[PDB]
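Notes for the one structure printed next.
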Amino acid sequence: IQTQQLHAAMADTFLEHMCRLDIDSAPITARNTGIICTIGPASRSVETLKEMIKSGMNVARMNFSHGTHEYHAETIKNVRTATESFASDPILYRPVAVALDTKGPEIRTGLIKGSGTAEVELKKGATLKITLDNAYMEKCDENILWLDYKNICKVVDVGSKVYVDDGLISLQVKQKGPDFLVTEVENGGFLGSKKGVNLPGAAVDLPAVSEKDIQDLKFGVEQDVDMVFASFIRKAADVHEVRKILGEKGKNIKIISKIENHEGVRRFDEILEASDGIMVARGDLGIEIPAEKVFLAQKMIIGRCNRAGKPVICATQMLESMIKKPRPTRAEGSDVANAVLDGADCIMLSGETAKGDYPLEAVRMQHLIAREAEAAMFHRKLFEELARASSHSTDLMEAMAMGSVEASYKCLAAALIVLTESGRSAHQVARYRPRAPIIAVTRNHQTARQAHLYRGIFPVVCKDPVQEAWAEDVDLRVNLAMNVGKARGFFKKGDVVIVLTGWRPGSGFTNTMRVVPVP
Amino acid sequence: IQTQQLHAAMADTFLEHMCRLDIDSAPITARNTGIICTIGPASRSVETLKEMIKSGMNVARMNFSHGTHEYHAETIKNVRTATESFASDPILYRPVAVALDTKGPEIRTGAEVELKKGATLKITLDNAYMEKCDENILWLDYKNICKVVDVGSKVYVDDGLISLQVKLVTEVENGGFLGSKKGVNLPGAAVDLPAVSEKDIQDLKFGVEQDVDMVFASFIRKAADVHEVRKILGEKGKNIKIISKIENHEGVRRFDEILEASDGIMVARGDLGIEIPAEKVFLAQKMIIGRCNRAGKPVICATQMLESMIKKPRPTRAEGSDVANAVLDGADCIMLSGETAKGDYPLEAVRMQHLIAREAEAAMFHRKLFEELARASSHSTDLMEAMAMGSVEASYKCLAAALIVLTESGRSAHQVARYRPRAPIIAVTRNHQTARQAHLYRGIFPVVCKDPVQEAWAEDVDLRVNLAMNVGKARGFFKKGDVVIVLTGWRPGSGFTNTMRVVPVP
Amino acid sequence: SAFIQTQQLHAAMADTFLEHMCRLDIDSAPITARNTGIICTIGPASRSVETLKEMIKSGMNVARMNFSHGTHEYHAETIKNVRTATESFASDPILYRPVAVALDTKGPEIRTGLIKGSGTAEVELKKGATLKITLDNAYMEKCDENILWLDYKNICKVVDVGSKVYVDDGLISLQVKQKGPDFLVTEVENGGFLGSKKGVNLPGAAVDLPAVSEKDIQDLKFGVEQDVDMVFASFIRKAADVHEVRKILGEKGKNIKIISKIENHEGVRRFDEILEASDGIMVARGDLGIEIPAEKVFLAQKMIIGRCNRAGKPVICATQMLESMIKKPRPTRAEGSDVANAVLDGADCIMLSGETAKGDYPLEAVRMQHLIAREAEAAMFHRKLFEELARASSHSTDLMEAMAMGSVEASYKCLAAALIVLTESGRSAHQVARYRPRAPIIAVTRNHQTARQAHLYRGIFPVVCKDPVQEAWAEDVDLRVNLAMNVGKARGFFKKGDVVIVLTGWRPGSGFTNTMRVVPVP
Ligand SMILES: Nc1ncnc2c1ncn2[C@@H]1O[C@H](COP(=O)(O)OP(=O)(O)O)[C@@H](O)[C@H]1O
Ligand SMILES: C/C(=C\P(=O)(O)O)C(=O)O
Ligand SMILES: C/C(=C\P(=O)(O)O)C(=O)O
Ligand SMILES: [K+]
Ligand SMILES: [K+]
Ligand SMILES: [K+]
Ligand SMILES: [Mn+2]
Ligand SMILES: [Mn+2]
Ligand SMILES: [Mn+2]
Ligand SMILES: [Mn+2]
Ligand SMILES: [Mn+2]
């Protein structure tokens, strides 16, 4: 039996491709889909983070809708301490990116019983009072719930629904007062701290960038984060404001715009143009729009990102049941697989790693599913259709990238080795979707961390001095990639790899492609 | 904004089709994917069943893994009572099918105990421990177990929630709260239990007496297992559809011979994802649905599709995408198990499957699907496939609001459904069982004709076509002056729908 | 019998265009029916009644009367002979073939004057010499190697310095070096002997000659009196030219088909508006290859045929298809290839000019077109072609298209031997032909002109019904279907127990064939 679904790869039609998928065709060792993990109470110790990294985490997401600056600064330091504990073996060291996820124009509840991790059970049919009175900001419980949108009474009426925590709990407004709402719990569930609140259709008036957003973005720059996940982006102008806040000092921080309401979907094209990448933020998106339409938004957005070559993240509830169970549901296995098949560069865990009982198992499960689904992609058709979509561009690096991926298909190469400093050369390869892993070797450590945003880029940090002869410096870096792929089991001596390098030090892209045997 | 994802429908590539998907393009009213609901404590009252029918339930599944014949007979009676309460109005009456899901060669065990990781547990076949099960000695009813498990292999208990490794003397690899009569899987074991036990024969014969429409047969491993079920159902049960459940490695490996012998297939993902690595289930699901689509045989996607709605009135984001992707994959029907059998929100679960299916149905890439289906069957020159293809082709070209099919065996309508129009297929039949079994097929909206046969063939055809016209208007599938494709027999003995017309709605 | 190779059906099953080509099989036998219409220019070699009887038996569907030469009396007699020869077969309604009459107009022309006053004198033009073109009528009988008069008074408004002027069917070519108000100083690029009263071509110019000459206006009215079926309209450059021809034909000629001849750069550039206004197109490769560089003609041919195929409007490939058969009983290998590639390109009809008007082998030329066309028709890649035609027309939701697409699709799936189409205007059968079944389309009609005009469409085999209308509609439909059944059996298109697709109207008033049946041949 051909490994890597290579019998399905040769199919002529999509139907035949599907009919050839074979549970006994082994996937390869390399896993191309980036894994992004929300770090919080369950996952922020140095010891757990070491195991997260070993289980496959590539990006640590800090959610600034929770915690304080000091809380997230300590989480981040632990991420970097854990990451650097593997630096004593540069062949095995994995770069780990740090992402800051913004509050944005959102509504949040307060602290249950003065704690960011406390919860209470709401009973169906019980009464629950919402108050605006800051005396209760840190004193929420099963009777009294505070939230931070001072104008809420002007946008809801008796009979309105108030949804808490991505639609988990629905509250029906029964009475209104000057700074309170008396509601009835329409369905039971557990209410925790600082939960999002959605009032779908209602005219919530909040700025693209709040004063708290400005302080969090500035903290991101101070902390040297690699990327910002900008919540509730609704138009290109919002991205521009975020980029302005990040300023000259933060000019290389990637802005990933989160699509999570109707307007972000309807203005998607201008948002993508202005952003460095996209998150399909299904948590909010699936209570802001009809839940049966989210999959339409997801495949549209992933496809248009693939077309532009810009990273796209699929997020939220992918393995939700694993918050409490050590194995996922069948719908959850299917969801991760299909997001990889849709074309997502990265997949993400939220509660599964931030607060659940099985954070390592959730990471490990995303790793296993992603590898299976990567082999089950229909690469030959995908490449043809991406090439068609980009054909107005005659860009030279795109040409090198398409030529290299094409060669990698024909000779079934075990990897593409790319030498890159800004990352661009490796990004353009990733965009044309080889099945083999892309080992990107860079002396730019931030380039290495940000590469996790792209399907199939396995970044490697070169810490050696720059050799006097350009040809020897190229070889030193190619040989580093060679030793990494051997150590990771991506290939062995005598396999064939594609190697992308710059011809001269002054080439500003990898204009040189070789097929070489592994030494 | 064109409705029904029609902009995406005209794309040239799959990538472009996805990039054109539009949350503001409204789906049509008709919903083509059959909805199968397991009936249990939460849903077996006559009053709840009526709402299940209103909410979109097409097939009532009785799970014989549990409950007595008396229990299930009463469930079936209530299903029929709720169904017939709508028979007053023949224009609005929905036929509802009854399916019997066999127990099969299950392995079960004999309050609560706790098994903890690393603890050593002994698996006894000594019947004295049949009811003396604790965290040290566990009794299971598979008495050939020790001949089929090697040392070191894994033993899975309780829906896969616990794991053990044979050192039977075993070590708990990951433990939990252990109960009575819990499911047990031996993946990578060549389980020799018979596909049909004496209990299964009792249940199958009971299904024949209860006039069920279809059997979902558990743990089918080979064509011979299907043949044995067919044998048991016998001559009296000969028109009962056999749906083979694929739920272990051998069933996947031998899938082609199983499909050949079966009337249809269930992807039984619950057990399947215990028997094989859970990360491989989607490969099996897509392979099986695709191969059923090629053959034109019904395929059901099953298990945990909306699992969280057992306790919550709205589903997770993964559950939404799972239902949608099963429809895009090609499943004829989707199923609910605990969500309707015992959960807190059975009506909402049914309604959510209805809502997601309609959206996903519009998002199918019909032009390419048709081409590829036509390609895969091109060695066949069958006349009714030719009528079906020409009719679906015509329905794409003029954006017909429906295909009306007069059928008595259902065969003409099944061949239309196999080529996957986007418009609903209103199948008018006088054969009540044909009407109920048609729910197994994507897009067939069965309509039972109770009128006597007219002396004049032309007039009897007109009577049945006008009944479909009235149904479709009442249900909002079309209105006067829309266009429909109508498929009939030219003469009483024609043998299939050899006549196709484009007809305006009156 | 799955091992018997017929109709290139193994190549039909290929997945790619390359694999389809790799599967073409000289030992895969074609069917009897030949779908590409054959248009023959009638002339001194083919004009007699007895020769025309043999032309019809060899495969002629359309007789082309070329009004560039001959008087009205001459053409009346040719037309008369065509109808005598056609009707001599009318005693067997099962075998009778309708035969259309086409009028091909002379059209507007540009001509030079007399060399030294003499119809027979010539001068040598030398490459690099200077030659002045003048409009001064003083020189119209005094042309020579220094002064050439021509009769197109607006020539200086439509050409410029650097423009080419071609003389005598492209024999001589001239480059404008200087332009005055009523003269052109040219240099000879390609020399030759220049005679009297020769044709002139202006490559790339927007020639503003009228759409029809005064001779054309009289010829067109004559054609209405002669009851011609179609007009091949010369030198069509824009939609306005088509409308003018339509105006002249007027109310009495409103059912005559107008086929626009594309002959020069402007007509290719404005093709889309010409197509919309026309009933069909002729790729007039002779004059087109004078007007545009000959190595570009195949581009225009494949473009025009493709765009006609997309619209469902008839297209003719014309000129020098079997040229060497003017003098030889067998064609060259390039000629066999040319005919076959025109059919693969999508042409509804192919045409003979000199080969039938004046050559030594008119019957052999007709027979060879029939043979090649049958072979190339099976070698089409119908599955891909139908998919691409359906894609191109998908903005139309037209009901008759839907029936035609469904009917052709069914005919592919069950390898039907024919489609039977009952039609009065032709429209229902035209829509079926548009979607390119491999099986012949037997179109039964009571309208004799519909039957003759149907030859413009690939695959339509028209059949005239002469039986009185039956009072019961079902009986009248059955009568016509059974006639198609007897025609197809007599011609060997099918035999008892083969399957055919049958397109009829459900009721007398249905307006198109809204009813499709798969039917066994009785
Ligand atoms: N930094 C944190 N501190 C405490 N709890 C957190 C933190 N990050 C996440 N969580 C918990 O995990 C849940 C899911 O994580 P996430 O999806 O990032 O949050 P949300 O959906 O609330 O924006 C949160 O609602 C919160 O209960
Ligand atoms: C549906 C199914 C069979 P059962 O629920 O009877 O174990 C499964 O395993 O998915
Ligand atoms: C037929 C034709 C045009 P004309 O009839 O003007 O010679 C041609 O040149 O191909
Ligand atoms: K956030
Ligand atoms: K069962
Ligand atoms: K002429
Ligand atoms: Mn979240
Ligand atoms: Mn959000
Ligand atoms: Mn099962
Ligand atoms: Mn010519
Ligand atoms: Mn001409």
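We're sticking with Swiss-Prot numbering for chain B, so the shown stretch reads 13-122, 130-186, 193-531, in order.
The backbone N, Cα and C atoms fix where each Cβ goes, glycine too.
Among the features that Swiss-Prot reports, L-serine binding site is placed at B:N70, B:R106, B:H464. The K(+) binding site annotation in Swiss-Prot covers B:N75, B:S77, B:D113, B:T114, and the record cites similarity to another entry as its basis. According to Swiss-Prot, the Mg(2+) binding site annotation covers B:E272, B:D296, on the basis of similarity to another entry. The SUMO2 cross-link feature in Swiss-Prot is assigned to B:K115, B:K266, B:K270; the stated evidence is similarity to another entry. Swiss-Prot lists B:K166 with the feature SUMO1 cross-link. The phosphothreonine annotation in Swiss-Prot covers B:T41, B:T195. Feature annotation from Swiss-Prot assigns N6-acetyllysine to B:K62, B:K89, B:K166, B:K266, B:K270, B:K305, B:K322, B:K475; the stated evidence is similarity to another entry. The phosphotyrosine annotation in Swiss-Prot covers B:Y105, B:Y148, B:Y175, and the record cites similarity to another entry as its basis.
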If you count Cβ atoms within 10 Å of each one, which of the recorded positions B:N75, B:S77, B:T114, B:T195 comes out on top?
B:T114
Minimum Cα separation from B:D113 (K(+) binding site), reported as the residue among modified residues B:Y148, B:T195, B:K305 that achieves it:
B:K305
Sorry to bug you, but what's the C-alpha spacing from B:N75 (K(+) binding site) to B:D296 (Mg(2+) binding site), rounded to the closest Å?
15
For B:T41 (phosphothreonine), identify the closest of the recorded positions B:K89, B:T114, B:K166, B:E272, B:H464, judging by Cα separation.
B:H464
Spatial neighbour of B:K475 (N6-acetyllysine) that is closest, considering only the recorded positions B:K62, B:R106, B:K166, B:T195, B:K305 and their CA atoms:
B:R106
Name them in sequence order: residues not among B:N75, B:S77, B:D113, B:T114 whose Cβ is within 8 Å of the mean position of the Cβ atoms defining the K(+) site.
B:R73, B:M74, B:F76, B:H78, B:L112, B:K115, B:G116, B:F241, B:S243
Mind sorting out which of the recorded positions B:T41, B:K62, B:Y105, B:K266, B:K305 are close to chain A, meaning Cβ under 8 Å from one of its Cβ atoms?
B:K305
Checking your reading of the structure: which of the binding-site residues B:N75, B:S77, B:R106 lie inside a 10 Å Cα sphere centred on B:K115 (SUMO2 cross-link)?
B:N75, B:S77
Indicate the candidate from B:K89, B:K166, B:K270, B:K322 with the smallest number of other Cβ atoms within 10 Å of its Cβ, considering only these recorded positions.
B:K166
So among the recorded positions B:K115, B:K266, B:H464, B:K475, who's got the most Cβ atoms within 10 Å?
B:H464
Quick one: among the recorded positions B:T41, B:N70, which has the most Cβ atoms sitting within 10 Å of its own Cβ?
B:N70
Let me know the DSSP-derived helix, strand or coil state of B:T114 (K(+) binding site), please.
coil
Closest of B:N70, B:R106, B:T114 to B:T195 (phosphothreonine), Cα positions, binding-site residues only:
B:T114
Any idea of the Cα spread of the L-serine site, B:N70, B:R106, B:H464, as a max distance in Å?
11
Measuring Cα to Cα, how many angstrom lie between B:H464 (L-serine binding site) and B:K62 (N6-acetyllysine)?
18
Taking ligand 2 as the reference, state which of the recorded positions B:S77, B:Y105, B:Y175, B:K266, B:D296, B:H464 have a Cβ closer than 6 Å to one of its atoms.
B:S77, B:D296
Excluding B:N70, B:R106, B:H464, please set out which residues of the same chain place their CB within 8 Å of the center of the CB atoms of the L-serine site, keeping sequence order.
B:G46, B:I47, B:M69, B:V71, B:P107, B:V108, B:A109, B:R461, B:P471
For a quick check of understanding: among the recorded positions B:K62, B:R106, B:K305, which residue's Cβ has the most other Cβ atoms within 10 Å?
B:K305
Among B:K62, B:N70, B:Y175, B:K266, these being the recorded positions, pick the one whose CA is nearest to that of B:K305 (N6-acetyllysine).
B:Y175
Nearest-integer angstrom distance between the alpha carbons (Cα) of B:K266 (SUMO2 cross-link) and B:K166 (SUMO1 cross-link):
35
